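Beneath this line is the structure, given in C-alpha cells, with notes to follow.
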Amino acid sequence: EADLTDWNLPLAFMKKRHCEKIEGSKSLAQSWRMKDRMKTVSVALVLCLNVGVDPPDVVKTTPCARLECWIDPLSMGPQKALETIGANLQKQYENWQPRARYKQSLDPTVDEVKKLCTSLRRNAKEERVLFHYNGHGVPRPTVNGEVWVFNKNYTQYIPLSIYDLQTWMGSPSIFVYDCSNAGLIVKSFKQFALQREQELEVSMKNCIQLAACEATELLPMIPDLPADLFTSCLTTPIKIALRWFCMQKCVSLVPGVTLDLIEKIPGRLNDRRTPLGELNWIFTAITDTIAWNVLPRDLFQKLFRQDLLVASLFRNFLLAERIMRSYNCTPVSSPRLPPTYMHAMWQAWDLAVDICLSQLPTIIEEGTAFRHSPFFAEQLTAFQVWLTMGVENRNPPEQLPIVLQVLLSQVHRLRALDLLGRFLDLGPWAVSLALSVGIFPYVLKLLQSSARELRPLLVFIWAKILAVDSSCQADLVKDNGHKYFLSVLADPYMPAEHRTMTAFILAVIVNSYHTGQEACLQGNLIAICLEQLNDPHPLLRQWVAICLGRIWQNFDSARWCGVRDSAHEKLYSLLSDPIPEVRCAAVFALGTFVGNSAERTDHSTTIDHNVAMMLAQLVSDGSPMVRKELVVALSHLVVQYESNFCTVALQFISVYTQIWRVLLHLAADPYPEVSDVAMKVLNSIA
Amino acid sequence: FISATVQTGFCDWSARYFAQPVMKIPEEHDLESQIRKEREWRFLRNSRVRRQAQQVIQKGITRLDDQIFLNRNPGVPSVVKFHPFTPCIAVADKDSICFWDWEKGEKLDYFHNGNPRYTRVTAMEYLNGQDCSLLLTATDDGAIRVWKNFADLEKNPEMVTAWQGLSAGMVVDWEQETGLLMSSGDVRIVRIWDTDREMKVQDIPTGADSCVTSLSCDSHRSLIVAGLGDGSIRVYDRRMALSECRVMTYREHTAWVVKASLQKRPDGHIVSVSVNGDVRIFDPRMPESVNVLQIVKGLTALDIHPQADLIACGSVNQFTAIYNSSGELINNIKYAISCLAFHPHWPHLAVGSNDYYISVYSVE
Amino acid sequence: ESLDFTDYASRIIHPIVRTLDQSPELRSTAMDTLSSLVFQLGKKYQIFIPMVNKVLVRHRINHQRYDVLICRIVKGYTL
Amino acid sequence: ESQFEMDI
Amino acid sequence: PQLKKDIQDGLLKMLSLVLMXXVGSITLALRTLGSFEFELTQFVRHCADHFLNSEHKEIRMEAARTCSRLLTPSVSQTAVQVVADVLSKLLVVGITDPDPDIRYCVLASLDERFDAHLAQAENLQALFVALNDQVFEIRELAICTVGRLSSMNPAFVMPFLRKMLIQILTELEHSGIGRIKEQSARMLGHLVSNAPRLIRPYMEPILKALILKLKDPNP
C-alpha cells in the first residue's frame, strides 16, 4: 500500500517554536503564602472546681462522671487535687504548645482574674493569648452574659461579666469554655462584641471561641467518661479517642480489648514508630484531611495553618464534635465549622484504631513486635489511583494532606515524593493546590537531607514549584537549598533529564536577584555550568546557557569570574549548534555578558568587541527567534557604547560600523517581529 | 538612554516547558486520538489520489482541450502551483497569493506577501504536501517565507517563519524527505538551508558568471542540477568537496534556460529548454545529449510533468503546445503566457496569460 | 436534622419520587421531606437531580426550598 | 519552628 | 468469511442510518451493535444520548447492555476519558433509574473489566449508595462488586465494608425478624467471600454471632 511513504517523511516547520508564539506565560495571582504567622505567647488556666462541694444547679448521680484532667479529685483531698489538676492541665497543653507562659488561677476571685488577664495582655503585646475556663464547680452561666467565680473566702459564687472579661483580655485571643450552658457565653461574647462596635463610632474577627455545649444543653454525667470531657478532647484526643472506641458497639469486633489494656498502651506521642505515636500521627492526618476537604480554603488556612496551638485545638475539636454528639452535646466554635461528624474519613480512623489495638493482647503479654499500620500505605495507594484518571480539574484528591504527613517520616517518604511529583506534573493548577495544603516548608526542609535517593525526586518537585511561583527564589537562598542543587548540577552520574531540571532551578534562583546571584557565584556556578555546556542533551545545553546568562545579568562580579574561566569563549561553540533554541540561549548569554560593563578599560572593551563580532555572524540565520535575541543582545551593546553609535548613525545620513550594519539587515527582515524590534533599537540611536 | 533595552520573551517561553506535563504519552502516539485519525484519513485520501492519477497515465494520454474553469485575478499571474491532494491552486502575482479551486470553482483566500513595491514573488513551493501543508514563498530580492492556514474556513493568513536567503531573481528546490531547501539566483552560490537545523549547511560555488535561472535536485543519489543564463547546465554532487563539486558542465544552448528539470527515477533525465526553444534530454553519466528536439521559435515559459513525461510549452505568439518527451504532437491550443504548472500526480495543466486570466486543462 | 443519611439516599429518594406520582395529598409533605434530605446530602445529591427533575415537571411541583437547594448544588453553594 | 515535626 | 469485511461495511452503515434518526427497531439495532464483532467510538457516546433521555423502559435496558459490551476496548488518554465518561453515565442509571430491572441490569454489567475506573473515588461513592438499595437483589450484587474493588482502592472500600459488616451483624443479633436475619446472613455470605482481607481479623466475632443463631430454639 501507499501509506508507508506518508508516515516516513519529516514535517518541516511544525514544532513548538513555530506553532506557539515566542512569549512567556502570564503568572497567576499566587495566594498560597500565610500572609501572617500568629503565635500564642501565653495561656491562662482559670479553674473553677471548688473540689468537693457541688454547685446548687446540678444534682450529681451517685456513681457520676468525676475524672478531671485524668485525676479523681475526691481521691486526693480538696486542696492538693486543685493544684494537681492545674499542673496536669498545664502539661496537657504543653504537648501542643511547649514554649508559652502558662499561668494558672485556681478557684479564683474576680480581682485575681483581672490581675491575671491584664498582665498576660501586657506581656503578649499584640500576639495571641489563650483563656481557658473550666466552670464545673460553679453554677451555670447566666442569660445576662455572666460567668461565675468565687469570693475571697469561698462562701459565695460571684458573677463576672463576659464584657469585663473581654476588656481585660485583648484583641488577638482564644477562649475555651468547658462548662454546662457554654453556648450562652459564646452568644453573649458576640453580643458584647457588637455592643463595643456601636460605642466605638461616637475584637470580633480576632477572637476565636470554643465551647463545650449549645446554650440549652448540659454536659454528660456518664460515669465511664471524664467530667472534663471537652477539655480532654481538645487537649488529650488520643486518650479519649481510644477510651470512647472501647465504649461503642464496634468493640464486639475486637474481643480482648477492655479499658485496662488501653491504659497500658505502649509508646509515646512523639515517636511515630511506637504504637501510641502511630495513632497520634494517623489522627493528625485524618483530622487535617477532614478539615481540608470540608472547610473553605480561606477558613482552613486561618485555623489549621496560622498557629500551632489554634490548629491543634481545632484538629482536636473535630474529635470533640464527633464524640460529644453521641451524648446529646453539640460543641460550638466562634468561626463556625460545618458539621464533620459524618465524614467518611472517620470510618478510616475507626478501622485504623481497630487494627492497631487488636494487637495489644500480643504486644503487652506475649511481647510481640508491633507491626505498623497499613493506613499511610493505603492512603498513598488511593492518591495514586486518583492520578491515573486524574488528569482533569474535577474533584481534587482527598489525600493531599496525608501525602504531606507522610513526608515527615522516612518510612514512606520516597513513595510520597514520587507521587507528589507525579501530581505536581499534571499541571500548574496542581502545584497551586500542593502549595495551599502547605507542602512548601517540608519540601524545603528536605533540602537539608543527604539521602542520595531523594535527589532526583526533590529536583523534580522544585522545578515544578519554581515553574509556577518564581518568588520562592527568596526562600531557597535563605536555607542554603541553592547548594543542594549546585551539587546535583555537578554530578556526572545523575541523568541528563534531571540535570536539566537542576539547571533550570538554578536559573530561577539566580533570576534578577542579587542575593541568589552572589550566593551561586560563591558556590562556583560558572565553573560547574561550563563543564556541562557541551553535553549530548539540547535542553541541558540550552538551560545551562540561560543559567550562565542570568548569573552575570547586571552583576559585574559574575562577569569577572566568567572572564577568568573564559566562559564567553566556551559559549562560542553553542553559536554553531544545530538546535535553534540552544543558539538563541547562547546569544542570550553573550548579550547579557556584554551589557554590564560599568565602563571599564581595555580588558573589558577588547572582550566586548570579540563577543560583538561573534554575534554579528548570526545575521544570516534561519530562525527568526535567534535573530530577535541577536537584536536584543546587540541592543545591550548599543546602550553601553551610545556615544560611539551616534558617530556611526549621523555619518551615513570599524567595529561599531559593522554592528550598526547588522541592525540594518535585521531592520529589513522578511519576518515582522524581528524587523519591528530591530527598528525600535535602531530608532533609539537615531 | 537605558530605556532602549528590550527583553525577549524567550527565557520565559522556555520556562513554560516545566509548567507543562512531561511523564505522560504524547498526543500524537495515541492511536485512538482525533488528530491521528484525521491525519490517517488524509493519508488514506492521499494514497487514493496517487492511485487514481496513476490510472489516468496508464490509459495513454490522449488529446487535451477540456477546460475545468476560467477565472480572472486582480493581478497578473506570475507563478502557479497545485497542492498535491486537496484541490487548492495557489496563483501568486507581484505581491498577493490568490488561492483558487477547480472543483467548487471559487476564490478561497488572498494574502499580501509583505515584500516591497520593487520586489516580485519568483518561486513557490508546497511544504509538507502530505498533511498540514505550508506554503513557501521565495521573493526575488532574497526573502524566503512560509505560510500556514492558507485556505481554511475559520482561520486567517499566518506566517510561520521567514529568513533572508542569498545576498532570474530567485529559484528554490524543496526536498520533503531530506528536509533541505536550496536557494539560488543572481549570486554565484547554491545555498542549502537545512530546515530542521534552520542554518545554511553548504554553500556550493556555481563556477559561472551568469545567473542560475533554474534549479532542480535529487534525493537518494544526490544531484543538484542548475541551469544558467549564459546557456550552460551544470550538475553538482554535494557529497564531495566544493573545489570538486562540478561533476559535469555540458553546454549545447545559448539563452535564459527556462527550465532544466530532473526526474525522480533512477534513470534520471535532465530536460533542459532555452528561450530559443529546443529540448535536449541529458543523462548524469554522459558528456553529451541522448535525444534532441526543437519545439517553439519564441518560447516564454515552460513546465514539465513528474510522473508521466509531458512537456507543457509556452509561446510569444499566444500558442500552448503540449508535447511528449519523445517529441510527439498532442495539442496546439489557440487562445506572455508566463506560468504553466502541472500537478505532482494528475495530468492537469494550469495556464496563465499576460492578460489577467487563469485556466486548468484536463485529459478527460 | 440529627442523623446521617448519605448511606440511605437511594432507600428514601426512590419511594419519595414514587409518592409524588401515586398520591397528590402527600405531594406537599413529601417535597418538604425531600428538601431536608437534599440539604443534608449536598453535593452527594447531584446524581439524583436529573431523575427527580423528571417527576417534578410532570406534575408542576414548584417548591421554594427545593428549587433553591438544587440551584445551589448545581452552581456550588450551601447555607 | 515548623508546624509538624519533620525528621530529615 | 471471504468478505466478512464487506458484510460489516454495509451492516454498520445500516445501523448508522437507523441510530442517526421507529421504537421497536432501535431496540434491535442496539442488540445487533453489541452482539457480534465490528471495526466503534461514536456509537458508544451516541448510546449515552439514548438511555438518559428515553422514557421507554426497553430502550434504556438495551442501551445499557450495549455500552458495557462496547467498552471492552479499555494505555492512552482518549479512550480512557471516553470509557470514564460513559461509565460515569452508566453508574448513574444503575443508581438512579426508578425501574429496578434497569438498575439490576446496569450494575450486573459492570464486570471485572472496568474495576480500574470503578475504583475511582467518585464512582465508588455511587456504588456504596447501591448497597442500601430498596431491592435486596441489587444490594447483593453491589456488595459483591464493592468487595472485588477492596484490593484496588482499599483506603475507601475497607473502611466502608467494615461499617457494613457491623450493620449486618446488628441486623443478625438485634432485629427479631425472620426475613431481615435471613437476608443478613445471605449478605454476610457475600462479604466473607468477596472481601476476605477485611474479614480475617473479625472472624472470631462473626463466627460467635453465627454459631449463636444455630443454637437458638424460620428455615
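Chain A is numbered as in Swiss-Prot, which gives 18-219, 236-686, 806-838 for the residues shown.
The header says electron microscopy, 3.2 Å.
Including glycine, each Cβ sits where the backbone N, Cα and C put it.
Taking A:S48, A:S122, A:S483 one by one, Swiss-Prot attaches phosphoserine to A:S122. Of the residues A:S44, A:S599, A:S606, Swiss-Prot records the annotation phosphoserine for A:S44. Annotation note: A:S836 (phosphoserine) sits in a coil segment as assigned by DSSP.
All protein chains included, A:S44 (phosphoserine) registers 13 other Cβ atoms within 10 Å of its own Cβ. When the alpha carbons of A:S122 (phosphoserine) and A:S44 (phosphoserine) are compared, the span between them is 53 angstrom.
Of the modified residues A:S122, A:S836, A:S122 has the largest number of other Cβ atoms within 10 Å of its own Cβ. Reduced to three states, the DSSP call for A:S44 (phosphoserine) is coil. In three-state terms derived from DSSP, A:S122 (phosphoserine) belongs to an extended strand segment. A:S44 (phosphoserine) sits 30 Å from A:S836 (phosphoserine), taking the CA atoms of both as reference points. In sequence order, the modified residues near chain B (CB to CB under 8 A) are A:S836, out of A:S44, A:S122, A:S836.
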